[PDB]
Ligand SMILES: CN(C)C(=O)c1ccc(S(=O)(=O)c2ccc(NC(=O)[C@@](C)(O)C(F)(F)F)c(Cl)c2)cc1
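Take a look at this single chain in structure tokens; it is the form deposited without the named molecule.
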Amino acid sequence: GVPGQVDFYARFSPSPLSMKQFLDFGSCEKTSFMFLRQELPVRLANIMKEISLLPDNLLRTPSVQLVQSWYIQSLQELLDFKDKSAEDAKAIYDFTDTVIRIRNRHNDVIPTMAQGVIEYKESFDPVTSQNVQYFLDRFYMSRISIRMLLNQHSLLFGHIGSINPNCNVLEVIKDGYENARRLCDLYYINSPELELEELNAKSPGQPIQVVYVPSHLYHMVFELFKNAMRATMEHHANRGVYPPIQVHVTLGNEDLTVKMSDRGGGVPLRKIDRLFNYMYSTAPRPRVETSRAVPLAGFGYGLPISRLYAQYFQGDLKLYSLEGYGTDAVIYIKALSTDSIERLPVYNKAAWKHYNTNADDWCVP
């Protein structure tokens, strides 16, 4: 059975790696094969059990059925190697090929799962919508983790893979700003300027670098800029004077922090968490047949996924807004590669109970 393969591997826990451990891999293709031939089936199988717990009307959508079919095909291909000899040179070539194969094929899972959620809302619940939120954080975090392993192995055996041991933080920030700004200019015919301030408390006046995945940092800052820009342009639309977006970067002993500050009018505290809510953030997918500029907010789960990127390596992404004034968004990244450990979801009794269960200890307002 294919349910049997899934059940067997889902019993196991994923094995989180530190950023330092990823970095030591890039220094032996055989040592990666032995790791990944178990780890990948375990990671795939754990998340696949949760897909199965989705509301039937979500599960049954064309998009989710497509995504599930991809996971099933991927598992079966990796489980073709379970016994195949560790000493065999063809098998490891075939593995690195299968990994490269799987990586370079399904870049589309994130918007496709997001289409499934649209298909779900369109044809059809508050009880099960808590399940959807729980699942999607776990699914997308799992995906980040699985993609990380596929990317490292394909880059090394196909800068230490996708890790830059010396990630230039301000450079990434400025690239994120310029790319967001181009989109802002397109949609609003104007855009806020950037004011960038830095403090290396660790070593004052020296460049701020960390061991990091640059494309992760990019996704986070690019998405935050888009959000800051939209808030700014929509708030000050009447005045025609648009306050800059202010970014403060600090390297401390333990935390790299990127604070992004806008004067876009804020959101009250009751509402601010909606920005991280999949069911609320499920906006229409921009249509192909138009020359009209793409809006800076909408489809694609930019903010919730940005936060998952922060949290993946034990960082965080927090928003706090002052309604009527503006918003601060703060990225927290671990300054030390040894503190940077994968945050991985695991399927077990506790995960299953979350889908099948549900603060009585406080009086309701």
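Think of the rigid core as the biggest set of C-alphas that the two forms share within 1.5 Å after superposition. Note that residue numbering begins at 1 and tracks the sequence as displayed. Only residues modelled in both forms are compared.
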**OP:** Could you bin the unmodelled part of the deposited chain lying between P244 and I245 as none, 1 to 3, 4 to 9, or 10 or more?
**Re:** none
Original post:
Is there a break between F124 and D125, and how many deposited residues does it span: none, 1 to 3, 4 to 9, or 10 or more?
Top reply: 1 to 3
Original post:
Going by the B-factors listed in the PDB entry, is the mean over the C-alpha atoms higher for 99-107 or for 113-121?
Top reply: 99-107
**OP:** Averaging only over Cα atoms, indicate whether 90-98 or 188-196 has the higher B-factor in the PDB entry.
**Re:** 90-98
**OP:** Return the residue from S142, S291, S281, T250 that has the highest Cα B-factor in the entry.
**Re:** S281
Subject >> Chain-wide C-alpha B factor ranking for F12, given as lowest, middle or highest third >> reply: lowest
**OP:** Report the third (lowest, middle or highest) to which the CA temperature factor of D80 belongs, ranking only the modelled residues of the same chain.
**Re:** highest
**OP:** Sorting the chain's modelled residues by C-alpha B-factor, tell me whether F225 ends up in the lowest, middle or highest third.
**Re:** lowest
Original post:
Hey, what third does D273 fall into on Cα B-factor, ranked over its chain?
Top reply: highest
Original post:
Relative to the other modelled residues in the chain, which third contains the C-alpha temperature factor of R43: lowest, middle or highest?
Top reply: lowest
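Absent from the display: the form deposited with the named molecule bound. The rest refers to it.
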Original post:
Tell me which of 104-112, 147-155, 83-91, 200-208 has residues with heavy atoms within 4.5 angstroms of the named molecule in the bound PDB entry?
Top reply: 147-155
**OP:** Run the contact test on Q73, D97 and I100 with a 4.5 Å heavy atom cut-off to the named molecule in the bound PDB entry and return yes or no.
**Re:** no
Subject >> Touches the named molecule in the bound PDB entry: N348 (any heavy atom, 4.5 Å) >> reply: no
Original post:
Quick one: is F22 in contact with the named molecule in the bound PDB entry, heavy atoms, 4.5 Å cut-off?
Top reply: yes
Original post:
Wondering, does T31 line up within 4.5 Å of the named molecule in the bound PDB entry on heavy atoms?
Top reply: yes
Original post:
With a 4.5 Å heavy atom cut-off, would you call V42 a contact of the named molecule in the bound PDB entry?
Top reply: no
**OP:** Just give me the single entry in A310, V67, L36, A335 that has a non-hydrogen atom within 4.5 angstroms of the named molecule in the bound PDB entry.
**Re:** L36
**OP:** Could you list, in sequence order, the stretches of three or more consecutive residues moving 2 angstroms or more at Cα between this form and the one not shown on a rigid core superposition?
**Re:** 104-106
